[PDB]
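*Asks:*
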Amino acid sequence: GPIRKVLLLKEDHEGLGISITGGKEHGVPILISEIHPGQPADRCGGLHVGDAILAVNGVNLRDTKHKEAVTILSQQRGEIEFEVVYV
Amino acid sequence: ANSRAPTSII
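Just so you know, the sequences run in chain order F and W. Mapping of the first sequence onto this note's numbering: position 21 corresponds to residue 21, and the numbering continues sequentially without gaps. Offset between the second sequence (1-based) and this note's numbering: plus 87.
Next comes the structure, spelled out in structure tokens:
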């Protein structure tokens, strides 16, 4: 589908509210496999199970290993911009 | 996709 840019608002006591799978070492993108009900990703409205996360706050995640992506994603705070695509 | 990739809750 089309590449989309999606804004998420996270409070400091929260995680993102997603499960991710994938990673470069597995030959697949960082993929959203779950969205937790009521947590920030659900609340933002624009993220869906099956979305690939291409970038977060301008950091490319297309070529990142799984644990690299975890570190990068978990570092982001507050108003967080995602670039995503549903294939 | 790849079922062999791990999953992290974040």
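Here a beta-carbon is modelled for each residue, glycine too, at the ideal position from N, C-alpha and C.
#1: Would you decide whether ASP51(F) is buried or exposed? Buried here means 16 or more other CB atoms lie within 10 Å of its CB.
#2: For chain W, find out if any of its Cβ atoms is closer than 8 Å to the Cβ of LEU61(F); answer yes or no.
#3: Write down the C-beta distance between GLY23(F) and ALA92(W) rounded to the nearest angstrom, noting that I regard them as a contact closer than 8 Å.
#4: Please state whether DSSP places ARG77(F) in a helix, a strand or coil.
#5: Bridge partners of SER90(W), per DSSP?
#6: Between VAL84(F) and chain W, is the shortest Cβ-Cβ distance under 8 Å, so that the two count as touching?
*Replies:* So, to answer that:
#1: buried
#2: no
#3: 6 Å
#4: coil
#5: None, per the DSSP bridge assignment.
#6: no
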